[PDB]
Ligand SMILES: C[C@@H](C(=O)Nc1cnccc1-n1cccn1)c1cccc(Cl)c1
Ligand SMILES: C[C@@H](C(=O)Nc1cnccc1-n1cccn1)c1cccc(Cl)c1
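Residue numbers (the authors' numbering), protein chains in the order written: chain A, 1 to 304; chain A', 1 to 304. A prime marks a further copy of an entry chain.
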């Protein structure tokens with residue numbers, strides 16, 4: 001028992017972290033096989049970031065200008081290309097620590113672990129969710145660009161995110177491993193609107209099921225609701241509308257606890273309308289939305 | 001910017017995780033050099049745990065009874081000894097992935113990362129604090145025993161905790177790597193009182209400084225207080241009394257933000273007396289005490 005915001009073990013990803021330097025800028029790269037992936041803004045100076053012409057900036061760069069270092073050993077760059085907002089540096093050596101991996105584009109509301117790095121060295125790991133507005137509320141300082149988000153299934157690392165920038169609002173934006181930004185963001189030093197964010201309803205419900213499993217039951221009530229009625233409350237409190245797909249994904253937790261999904265929705269409706277009244281759920285005084293139904297089942301069963 | 005409950009990268013520790021089986025019981029072991037460390041209750045059956053005589057139970061065991069497996073390879077056990085509540089199994093092979101390491105006994109209020117494991121395989125990593133009452137609020141299921149807590153400085157892993165048991169209250173108890181329990185706990189299936197816990201005052205203040213650094217400033221006020229006055233409020237709200245040692249450790253954060261430690265205490269006093277009034281601090285609706293002043297400086301500076 002006990003419920004924690006758990007990240008995946010970061011070992012397989014630590015073994016891929018490298019440092020990439022181009023001119024004056026240093027950031028993190030991800031070495032998989034004979035390719036080093038990093039944000040393309042490594043080629044910019046501070047002056048360039050206001051409105052960079054990446055195609056023109058990359059044209060002035062040669063393979064020998066990209067300095068790639070894995071710990072204390074230097075990698076020889078034999079090719080360079082830009083794919084969307086990432087640079088792919090072909091190196092003459094395949095990473096011996098390359099794990100089984102995939103590049104995946106996660107859906108908003110899905111979770112992942114981030115291995116925050118500086119100068120190609122890992123500093124820490126934390127679990128986070130891709131917000132419905134395609135931002136992440138991470139912990140990243142100058143030099144953290146190129147740190148990646150991932151999930152691990154058995155022995156396969158699914159890379160889903162690469163960190164690129166901090167918006168003026170202090171929230172973070174980045175790309176999938178093909179360099180496509182999540183959301184409307186562009187890699188330029190300009191004020192950029194992150195849309196209206198919402199609370200991930202299915203994740204809050206999954207976390208209410210984790211609470212019941214772990215003993216916190218005070219919020220359970222004598223009520224039920226319908227998808228329509230619950231969604232009128234969800235709209236009022238800026239929660240994602242709940243669908244039958246969400247109900248179906250909550251099936252295993254509903255089956256394990258014996259609490260019908262619409263009964264749990266009625267509990268959530270009462271918590272939204274009355275607050276927590278100074279009480280806590282799983283050590284939190286707010287409704288947690290960074291645990292997916294799969295995360296809850298994984299943590300409550302012990303998947304390694 | 002951004003503040004997250006960050007765990008250390010777990011790679012160095014993943015490389016040490018092994019599975020230890022004795023009779024019918026399987027749990028996790030930590031392989032460092034030619035020694036495998038695991039909880040001594042691996043030698044007990046379910047019937048034994050009510051009141052085990054470990055010295056007698058271990059006497060019926062030989063080196064060949066301890067089955068140690070690192071992934072898919074079996075380790076040859078050439079020695080066995082009990083030190084307090086841990087068994088040390090000497091193996092004929094030094095772990096090639098043994099990092100630079102120390103065994104340390106942490107102080108209550110200090111933090112550490114846990115690599116939760118099952119059958120010698122890592123499932124996840126999370127940051128937690130050793131409560132003032134010497135328990136941890138972890139996330140551990142059956143099979144997690146032998147999972148360890150650690151901190152990492154540069155390249156050195158300081159192992160501070162090994163998981164042994166879950167109290168009937170759902171909180172966790174374990175030992176240092178010399179097998180000495182933190183707190184009054186014994187390794188037997190008996191109801192055991194965890195003392196009155198308190199909130200780690202210095203950590204809450206360190207986290208209030210992290211909030212100001214990251215932009216959350218609404219709680220700052222026009223007041224100040226004294227150590228004596230603040231401690232009368234701390235006693236009323238079950239907070240650890242603040243000492244000059246705590247004030248001194250907050251020196252760097254006080255210097256960075258320009259907010260005197262006693263001024264921050266006055267902010268904490270007002271938050272304790274009036275609550276958060278439905279507002280949040282760093283995404284939390286309660287006062288967070290699992291970040292030490294060193295954690296805050298490390299996260300806000302980017303130590304790798
Ligand atoms: C310079 C970088 C960035 O946002 N870095 C960053 C990333 N994450 C946290 C903090 C920073 N810090 C930026 C200044 C100081 N730190 C950047 C700027 C504009 C656009 C793009 Cl794609 C990338
Ligand atoms: C059996 C084990 C234990 O507490 N394991 C555990 C540890 N952590 C989480 C859950 C468990 N679960 C126990 C039953 C089901 N799970 C134990 C019992 C009595 C004393 C000692 Cl030192 C160790």
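From the three backbone atoms N, C-alpha and C, an ideal C-beta is built for every residue, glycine too.
Establish whether the CB of residue 117(A') and some CB of chain A are separated by less than 8 Å. Here the question's residue 117(A') lines up with position 117 in the second chain. For residue 117(A'), the nearest CB of chain A lies under 8 Å from its own CB, placing it at the interface with that chain.
Quick one: grab the DSSP three-state call for residue 307(A). Residue 307(A) lies beyond the stretch modelled for chain A, which goes from 1 to 304, so this question has no answer here.
Could you pull the start and end residues of the beta strand (DSSP E) that residue 252(A) belongs to? Mapped onto the first chain, residue 252(A) falls at position 252. Careful: residue 252(A) lies outside any beta strand (DSSP E), inside the alpha helix (DSSP H) at 251-257.
Residues near residue 76(A) by beta carbon distance below 8 Å, same chain, minus five either side: Numbered from 1 along the first chain, position 76 holds the residue referred to as residue 76(A). Excluding residues within five positions, the ones whose Cβ falls inside 8 Å are 91, 92, 93.
At least 3 beta-carbon pairs within less than 8 Å: the region 3-13 of chain A' vs the region 107-120 of chain A': Put simply, the region 3-13 of chain A' touches the region 107-120 of chain A'. At least three CB pairs are less than 8 Å apart.
What does the Cβ neighbour count give for residue 212(A), buried or exposed, with the cut at 16 atoms within 10 Å? The count along the first chain starts at 1 and reaches residue 212(A) at position 212. Result: buried.
Please report the Cβ distance between residue 80(A) and residue 63(A), rounded to the nearest whole angstrom; I am assuming they are in contact, meaning their Cβ atoms lie under 8 Å. Here residue 80(A) is taken as the residue at index 80 of the first chain, counted from 1. Here residue 63(A) is taken as the residue at index 63 of the first chain, counted from 1. Going by Cβ atoms, the distance from residue 80(A) to residue 63(A) rounds to 6 Å, so yes, they are a contact pair.
Tell me where the alpha helix (DSSP H) around residue 231(A') begins and ends. Here residue 231(A') corresponds to residue number 231 of the second chain, with the count starting at 1. Per DSSP, residue 231(A') belongs to the alpha helix (DSSP H) from 227-236.
Give a single yes or no on whether residue 142(A) has its beta carbon closer than 7 Å to a heavy atom of ligand 1. To locate residue 142(A), count along the first chain from 1; it is residue 142. Indeed, a heavy atom of ligand 1 lies less than 7 Å from the Cβ.
Counting only C-beta atoms, is residue 148(A') closer than 8 Å to chain A at any point? Position 148 of the second chain, counting from 1, holds the residue named residue 148(A'). Put simply, the CB of residue 148(A') is far from chain A, with every gap to its CB atoms at 8 Å or more.
For the alpha helix (DSSP H) holding residue 12(A), just list the boundary residues, first then last. Position 12 of the first chain, counted from the first residue, corresponds to residue 12(A). Residue 12(A) -> alpha helix (DSSP H) spans 11-14.
Does any heavy atom of ligand 1 sit closer than 7 Å to the C-beta of residue 189(A)? Locating residue 189(A) in the first chain gives position 189, where the first residue counts as 1. In terms of side-chain proximity, the C-beta atom of residue 189(A) is found nearer than 7 Å to a non-hydrogen atom of ligand 1.
8 Å Cβ cutoff met for residue 145(A') and residue 27(A'): Working through the second chain from its first residue, we reach residue 145(A') at position 145. Working through the second chain from its first residue, we reach residue 27(A') at position 27. Residue 145(A') places its beta carbon less than 8 Å from that of residue 27(A').
Nearest to residue 60(A) by alpha carbon, out of 70(A), 43(A), 49(A), 67(A)? For the purposes of this step, residue 60(A) is taken as residue 60 along the first chain, with counting starting at 1. When each option's Cα is compared against that of residue 60(A), the closest is 43(A).
The beta strand (DSSP E) with residue 39(A') in it runs from where to where? Here the question's residue 39(A') lines up with position 39 in the second chain. For residue 39(A'), the uninterrupted beta strand (DSSP E) segment begins and ends at 35-39.
Quick check: is any heavy atom of ligand 1 less than 7 Å from the C-beta of residue 117(A)? In the first chain, counting from the first residue as 1, residue 117(A) sits at position 117. Look at residue 117(A): its beta carbon is at least 7 Å from all of the heavy atoms in ligand 1.
Residue 172(A') Cβ short of 7 Å to ligand 3 heavy atom set: Annotation note on ligand 3: not contained in the displayed structure, which lists ligand 1 and ligand 2 as its ligands.
Once DSSP output is grouped into helix, strand and coil, what is the label at residue 182(A)? Numbered from its first residue, the first chain carries residue 182(A) at position 182. In this structure, residue 182(A) counts as coil in the three-state DSSP scheme.
Under the rule that 16 or more other beta-carbon atoms within 10 Å means buried, what is residue 123(A), buried or exposed? Looking up residue 123(A) in the first chain gives position 123. Residue burial annotation: residue 123(A) is buried, with at least 16 other C-beta atoms found within 10 angstroms of its C-beta.
Cross-chain neighbours of residue 214(A') in chain A, by beta carbon under 8 Å: Residue 214(A') sits at position 214 when you count from the first residue of the second chain. For residue 214(A'), the chain A residues whose C-beta falls within less than 8 Å of its own C-beta are 170, listed in chain order.
The beta strand (DSSP E) spanning residue 294(A') covers which residue range? Start at 1 with the first residue of the second chain, and residue 294(A') comes out as number 294. Here residue 294(A') belongs to no beta strand (DSSP E); instead the alpha helix (DSSP H) covers 293-301.
Chain A' contact for residue 39(A) (CB, 8 Å cutoff): Stepping through the first chain from its first residue, residue 39(A) is reached at position 39. Chain A' contact via Cβ: absent.
Taking 7 Å as the cut-off, is the CB of residue 6(A) close to at least one heavy atom of ligand 2? Translated into positions along the first chain, residue 6(A) becomes position 6. No.
Using only the heavy atoms of ligand 2, determine whether one of them is closer than 7 Å to the beta carbon of residue 162(A'). As a position in the second chain, residue 162(A') is number 162, starting the count at 1. False, no ligand heavy atom lies under 7 Å from that Cβ.
What do you get for residue 147(A), buried or exposed, if any count of 16 or more other CB atoms within 10 angstroms of its CB means buried? Within the first chain, the letter at position 147 stands for residue 147(A). Counting Cβ neighbours within 10 Å, residue 147(A) comes out buried, since at least 16 surround it.
Counting only beta-carbon separations shorter than 8 Å, does residue 130(A) have a partner in chain A'? Sequence index remark: in the first chain, residue 130(A) carries index 130 (1-based). For residue 130(A), the answer is no, since every Cβ of chain A' falls outside 8 Å of its Cβ.
Could you tell me whether any non-hydrogen atom of ligand 2 is closer than 7 Å to the CB of residue 41(A')? As a working mapping, residue 41(A') is identified with position 41 in the second chain. Annotation for residue 41(A') indicates a beta carbon within 7 Å of some heavy atom of ligand 2.
Residue-level contact to chain A via CB, residue 140(A'), 8 Å cutoff: Taking the first residue of the second chain as position 1, residue 140(A') is located at position 140. Among the CB atoms of chain A, one or more fall inside 8 Å of the CB of residue 140(A').
Go through its chain and collect everything with a Cβ distance to residue 69(A')'s Cβ below 6 Å, but skip five positions before and after it. For the purposes of this step, residue 69(A') is taken as the residue at position 69 of the second chain. The residues are 19.
Who are the Cβ neighbours of residue 252(A') in its own chain at under 8 Å, not counting the five residues just before and after it? For the purposes of this step, residue 252(A') is taken as the residue at position 252 of the second chain. Hits under 8 Å: 293, 297.
Residue 280(A') versus residue 154(A') - alpha carbon distance: Mapped onto the second chain, residue 280(A') falls at position 280. Mapped onto the second chain, residue 154(A') falls at position 154. Rounded to the nearest angstrom, the two C-alpha atoms are 34 Å apart.
Shorter than 7 Å, the distance from the beta carbon of residue 264(A) to the closest heavy atom of ligand 1, or not? Start at 1 with the first residue of the first chain, and residue 264(A) comes out as number 264. Not a single heavy atom of ligand 1 lies less than 7 Å from the C-beta of residue 264(A).
Report the residues of the region 97-116 of chain A' with a CB closer than 9 Å to any CB of chain A, ordered along the chain. Residues of the region 97-116 of chain A' that bring their beta carbon within less than 9 Å of a beta carbon in chain A comprise 113, 114, 115, 116, in sequence order.
DSSP state of residue 207(A') mapped onto helix, strand, coil: Residue 207(A') sits at position 207 when you count from the first residue of the second chain. Correct three-state label for residue 207(A'): helix.
Applying the criterion that 16 or more other CB atoms from any shown protein chain within 10 Å of the CB defines a buried residue, is residue 173(A) buried or exposed? Position 173 of the first chain holds residue 173(A). With 16 or more other Cβ atoms within 10 Å, it is buried.
Are the C-beta atoms of residue 126(A') and some chain A residue less than 8 Å apart? Numbered from its first residue, the second chain carries residue 126(A') at position 126. Chain A, which has a Cβ nearer than 8 Å to the Cβ of residue 126(A'), makes this yes.
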